[PDB]
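Reviewing the structure listed below.
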Amino acid sequence: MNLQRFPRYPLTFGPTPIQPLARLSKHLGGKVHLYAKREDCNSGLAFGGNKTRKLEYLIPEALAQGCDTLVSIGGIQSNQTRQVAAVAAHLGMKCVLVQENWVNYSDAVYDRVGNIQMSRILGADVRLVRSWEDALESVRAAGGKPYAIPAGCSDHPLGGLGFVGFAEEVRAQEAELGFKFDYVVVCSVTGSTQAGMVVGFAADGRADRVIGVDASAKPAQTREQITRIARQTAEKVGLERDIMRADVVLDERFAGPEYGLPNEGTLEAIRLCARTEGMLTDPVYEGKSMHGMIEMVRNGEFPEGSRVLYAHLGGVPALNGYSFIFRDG
Amino acid sequence: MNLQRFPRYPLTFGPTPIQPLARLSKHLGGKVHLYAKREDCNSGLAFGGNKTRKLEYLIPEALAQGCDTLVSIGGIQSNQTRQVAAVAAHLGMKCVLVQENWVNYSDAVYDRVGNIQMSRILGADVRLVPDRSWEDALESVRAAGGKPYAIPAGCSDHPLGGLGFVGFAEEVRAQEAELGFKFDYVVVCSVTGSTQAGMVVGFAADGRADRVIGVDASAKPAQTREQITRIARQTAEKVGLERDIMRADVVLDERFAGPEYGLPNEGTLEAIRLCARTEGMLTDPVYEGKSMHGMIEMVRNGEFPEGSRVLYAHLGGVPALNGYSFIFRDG
Amino acid sequence: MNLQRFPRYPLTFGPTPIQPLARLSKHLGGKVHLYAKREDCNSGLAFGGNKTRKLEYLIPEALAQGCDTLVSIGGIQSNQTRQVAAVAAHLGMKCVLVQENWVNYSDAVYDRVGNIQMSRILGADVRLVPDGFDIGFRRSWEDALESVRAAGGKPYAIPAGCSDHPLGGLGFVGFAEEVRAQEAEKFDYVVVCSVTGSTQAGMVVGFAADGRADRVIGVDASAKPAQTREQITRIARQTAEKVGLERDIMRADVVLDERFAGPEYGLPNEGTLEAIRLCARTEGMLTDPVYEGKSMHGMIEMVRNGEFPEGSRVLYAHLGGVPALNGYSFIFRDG
Amino acid sequence: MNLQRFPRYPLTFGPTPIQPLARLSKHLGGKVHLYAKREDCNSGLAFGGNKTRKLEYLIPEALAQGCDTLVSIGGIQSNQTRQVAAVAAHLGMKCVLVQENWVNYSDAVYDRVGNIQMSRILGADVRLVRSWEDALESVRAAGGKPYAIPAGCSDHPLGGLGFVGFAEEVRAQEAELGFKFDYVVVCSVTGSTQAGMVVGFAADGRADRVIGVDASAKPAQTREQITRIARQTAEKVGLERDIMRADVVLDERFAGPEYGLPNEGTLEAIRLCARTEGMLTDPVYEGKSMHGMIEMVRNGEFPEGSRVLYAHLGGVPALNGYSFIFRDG
Ligand SMILES: *Cc1c(COP(=O)(O)O)cnc(C)c1O
Ligand SMILES: *Cc1c(COP(=O)(O)O)cnc(C)c1O
Ligand SMILES: *Cc1c(COP(=O)(O)O)cnc(C)c1O
Ligand SMILES: *Cc1c(COP(=O)(O)O)cnc(C)c1O
């Protein structure tokens, strides 16, 4: 394959570090070696995260197209939209965000802290709710040229490129470390994060080692999205193989009870990981993927000796919209 | 000098990047070149920030002395205590935090979002003073069978609390080497003081101590200024500074600290917005927004020599934004 | 029957007013006439409400016993504990409230606004436990009673909602009495929200006396109808006997509709919300997402479905609870 | 005088009750007998309060004029705008409310709980920010006829009538009681509440017995508004005398530090009163007037044996916007 053909606009500090999770690994049995690749610390643009890695491959097209406004969408505590707002500010672009009520969660400061708060400070036009088209049209009619960024950046032709690059990065780091990771655990919702990974790791025969953990609570849709995006992306980068259902692993046991709502396992997972490693995760995405990984290790689902690379996608600021749940820890 | 004599426990990713703030520089007239060194992105331990750089030089002693608990203190939205809680969890140590109402602010979720929320999740025993806390805290640890390592407010008034930022100057020299030039100034927010102190000592070396432009955020200029001065002299001695720190070496502008510690003024808010909107870089209403406000005003007043290169030290503090949600409800 | 036998301490202004809900009645077609008996406005003690009417019959006992502390229990936005705190302060008694989140809900300011905020201002010792403590399991209720004694005082034990208490059903028997006296100026049905039960129970006993027990249409807000229904019946029978009601309470006398309790105790459904908004926008009368909004939703839905004979006059008992709206601010952010 | 010349629209349950504050009185030495007149429990329309007594005299005119929309104004936690929204709903009229932040305060849920929450639920169109004028115009432009209701109902020709009636009510109740109150404590900010009282008690020679307690923190301006409204109202009811400045008593010692902000004395008084009587007061209005009365009795400013009638004007729902302050009581 060949990713290098597509330009990448630097929005990150560079390759993201991989850290050992020795305390947590030991706590769980010392049988499985856990690591974490910090996508959550990839940028100076309002905390970045996985969405920011994706955006690097989309910005060039926005610039090439002479666009002046970035328009995106997501739930109230969307990480995607907060990142688009920061990238836009940094690029000197206007920003219009469509924020919808995507979660059955009632919290007094939900639309005023965390991710959405930053987007407003960053100068984005935050619209709280077809709304998609309206917003875009709004921009054209306003005299500007919008660059449409779908939810999570996922269902877009360039949306899968960022994480194919992730697999690339990991290969280079395994070469520096002198060892390979047996698996990768990643949280999945809109899909192009895992899709990129699947294509990237299909290259060296480990697509099936990319263990996705669903956090959408609609596993069938998410799995089809990932699969579809992986196929389109595999074509885009010249993978010399088709993606098979066997290449898309999506665990469904940890997404409940709903998207945006933690279960008690989620909370326990967030607490354990934070208290053993000092590494925070959130109740919507990462805490669920962290939950899955801990559970898998606990159930012995990982062969003894396995090295598991947890991909920390970001999302911590959303913790602010769930303050009551953590009031005592 | 020789900071190398003191061990440094790795708590950061490595040197912190310097980024140009061209959009903001141009916005202010394009006469002064603004940069930012990102201490606020130095670690994977609950966002880190300047305190985490300070802590790298304290943990070895704490470990050497066999302590099993880190004990610290600060206001409700203290960045310090949150970093202590994360560093403790990472090191396998317990943590006790004494949090006091240091600000005349009373937001509905002030004690449940941002920094303090993270400390609780990180497993610290977060103690809210009513409404000697410090001694009870330390003693409770002994009484329980542990050994506490005491970390004073901001890590500042501690024998080792000024080291972290001497190394910051060391870091900046090596980056200037690749940059092919030296920054004319450094802007840093100051409250407990060992951050600006370390910098004062670090830059005294190549005679730029008075180029480190401190911006007071304590709203108690005199005390803070005095503490920086003292911490500097002590640290200077600790590292072998072949020169002495003169009062003239400690620079602290007091025009941007109002109205009180922990409360922003309208300038602070505008500054936070201007910078976030021109660079995608956030600052808080208690600390960085005030030093950012200082720098912009300085540039605006033509107080920087045309052509000057100014290095803004972004110390962190962003999670505290969550405690001032009403002020930013519309931006 | 004779309630006059049991002493009643004044904690209310006097009988509660009945007002017509003419606008809401008209909006629903005008075929049924709705009114409201404002139990929610019965007292100067921190907004009072139904619980305060119940307390009038318990306090004489607490006083005769020489108790100096009132001890009660309830969820975070419990109306009962807030009224106990004000009654206590008013009487010069101390107050301990054992509390815990009894709802699968987690609003940012849930434990610091509305009802619980007032209890703390009122001087009560609000003992709110962290999630997973489980007071009902550890029997924290008793330790609290014990700690008062252990401390030198004498506690008067007031159970959840005052209901499952010997004198807990008297207040609302008196309500039926008061209604009769006001009718001497008759309502066909009464709509009342039911959770812990002695409110509707007292009504059942009180109205059984003039043959209207089955005219009290209870609307479950517990989302545990079977338990609640049984509680109402039992409290009724005990209270009937207590007030010498020369009659047995039939299973037929206790009416508890289960259609508007969803999805859970303390959680409103879209129906609850529309009902709160409709009643508020037509009569200027506010109801809450936990209790009254569900019974308001009940009455409106019943009238809408024609379960009420044309021409019927329905007396909606507004038991109170409005302060709890403060804990559901996000839901009403745009109205 | 002749108050009866004006039509009063019923919006209350009827005369408000007078309760003794026996415990608070004994607590402060029992040398002064304190009582409370509960204007705060005067209506089933969203808790009511003094504003509702004022409004009973303005509504007939709004109706007579055929207006279909009530338009008013106040700060975020304004009690007035909440009562206006409830009266509108009850009357079947539309409601437009201009809310501005009149307080240097910024609590996270300030514009979502208490009074303003009720107004939105009651169906008012709550517009947060020439303010006033724009609102009024927009209603006409929509094809409606708005009835303008100034802040607190105070600078309105009819705004002072409600409390002239309050004095009426009190003489009548004093008859039944068989005794007279020597003083009346009342919180004053916009002014027509105390002005109505001044006029109503001028009739029996007790105008200077109406002890006003400033809560505006701008006493000179408030003292002048009460004076003016009182004179204009006395003329409108045919008082057989002109109102003199000496008829207006306004203590300025308890308004600090600013309108909308409590001082430590305010909080203490709110707590003492709540804990001795079970009667709540707020940090903006009543707690300051409660603070005043207690301080007056404590300093021996009332003659031994005096009977003081505290007018509790309402305002308790605003407590919700000061939750941090009362988190532990
Ligand atoms: C968007 C997001 C995810 C899921 O990534 P997808 O590419 O949408 O599947 C996981 N974690 C965080 C923190 C995210 O913002
Ligand atoms: C502690 C802190 C400061 C001030 O540093 P001192 O060493 O205490 O002077 C500035 N900004 C942030 C974000 C901080 O946490
Ligand atoms: C307690 C309560 C109810 C239910 O009354 P029970 O006697 O417990 O059945 C209804 N509404 C409100 C406002 C309440 O506080
Ligand atoms: C408006 C108000 C006041 C002050 O009354 P004015 O007539 O404006 O002086 C006092 N208390 C409460 C509760 C109020 O709403």
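In what follows, every chain begins at residue 1, and chains take the letters A, B, ... in the order their sequences are listed. Every number for a ligand or one of its atoms is a count from 1 in the order of the listing.
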Exercise. What protein heavy atom sits nearest atom 5 (O) of ligand 4, and how far away is it?
Worked result: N50(D) ND2, 3.4 Å
Exercise. Does any N or O atom in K54(C) lie less than 3.5 angstrom from one in ligand 3, N or O only?
Worked result: yes
Exercise. Looking at side-chain heavy atoms only, is the closest gap between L55(B) and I151(B) below 4.5 Å?
Worked result: yes
Seminar exercise, completed: One finds that the ligand 3 atoms under 4.0 Å from a non-hydrogen atom of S194(C) are 9 (O)
Problem set entry | Sub-4.0 Å heavy-atom approach of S156(B) to ligand 2 | yes
Problem set entry | Geometric class of the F172(C)/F175(C) ring pair [parallel <30°, tilted 30-60°, perpendicular >60°] | tilted
For this session: May I ask you to check if ligand 3 and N79(C) share an N or O to N or O distance below 3.5 Å?
Result: yes
For this session: Run the numbers for me: atoms of ligand 3, each under 4.0 Å from some heavy atom of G321(C), listed by number.
Result: 13 (C)
Exercise. Can you name the one residue among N50(D), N115(D), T52(D) that meets side chain to side chain donor-acceptor pair (under 3.5 Å) with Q83(D)?
Worked result: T52(D)
Exercise. Sub-3.5 Å donor-acceptor pair from the side chain of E292(C) to the main-chain atoms of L286(C), do we have one?
Worked result: no
Exercise. Does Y287(B) reach ligand 2 with a nitrogen or oxygen that is under 3.5 Å from one of the ligand's nitrogen or oxygen atoms?
Worked result: no
Seminar exercise, completed: Within 4.0 Å of some non-hydrogen atom of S198(C), the atoms of ligand 3 are 7 (O)
Exercise. What closest approach, in Å, do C155(B) and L58(B) show between heavy atoms, and which atom pair accounts for it?
Worked result: SG-CD2, 4.4 Å
Exercise. For atom 4 (C) of ligand 3, what's the nearest protein heavy atom and its distance?
Worked result: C193(C) O, 3.6 Å
Problem set entry | Whether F47(D) and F47(C) hold their rings parallel, tilted or perpendicular, with breakpoints at 30° and 60° | tilted
Problem set entry | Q194(D) and ligand 4 - part of the residue with a heavy-atom distance under 4.0 Å | neither
For this session: May I ask you to decide if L313(D)'s main-chain N or O and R38(D)'s side chain share a donor-acceptor pair within less than 3.5 Å?
Result: no
Exercise. Does a salt bridge link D216(B) with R225(B), judged by any charged N lying under 4.0 Å from a carboxylate O?
Worked result: no
Exercise. Backbone or side chain, does any N or O of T199(C) fall under 3.5 Å from an N or O of ligand 3?
Worked result: yes
For this session: Among all protein heavy atoms, pick out the one at the shortest distance from atom 9 (O) of ligand 4; state its residue, atom name and that distance to 0.1 Å.
Result: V189(D) N, 2.7 Å
For this session: Could you list the residues that satisfy salt bridge (charged side-chain N to carboxylate O under 4.0 Å, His left out) with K54(C), not counting sequence neighbours?
Result: none
Exercise. Is there a nitrogen or oxygen of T196(C) sitting under 3.5 Å from a nitrogen or oxygen of ligand 3?
Worked result: yes
Exercise. By number and element, which atoms of ligand 4 are closer than 4.0 Å to a non-hydrogen atom of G314(D)?
Worked result: 13 (C)
For this session: List the closest protein heavy-atom neighbour of atom 3 (C) of ligand 4: residue, atom name, distance to the nearest 0.1 Å.
Result: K51(D) NZ, 3.5 Å
Exercise. For atom 11 (N) of ligand 4, what is the nearest protein heavy atom, given as residue, atom name and distance?
Worked result: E286(D) OE2, 2.6 Å
For this session: Return yes when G197(C) approaches ligand 3 closer than 4.0 angstrom through a heavy atom, no otherwise.
Result: yes
Problem set entry | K37(C) side chain to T16(C) side chain, donor-acceptor N/O pair below 3.5 angstrom | yes
Exercise. Would you say the side-chain atoms of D282(D) pair up with the backbone N or O of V316(D), donor to acceptor, closer than 3.5 Å?
Worked result: no
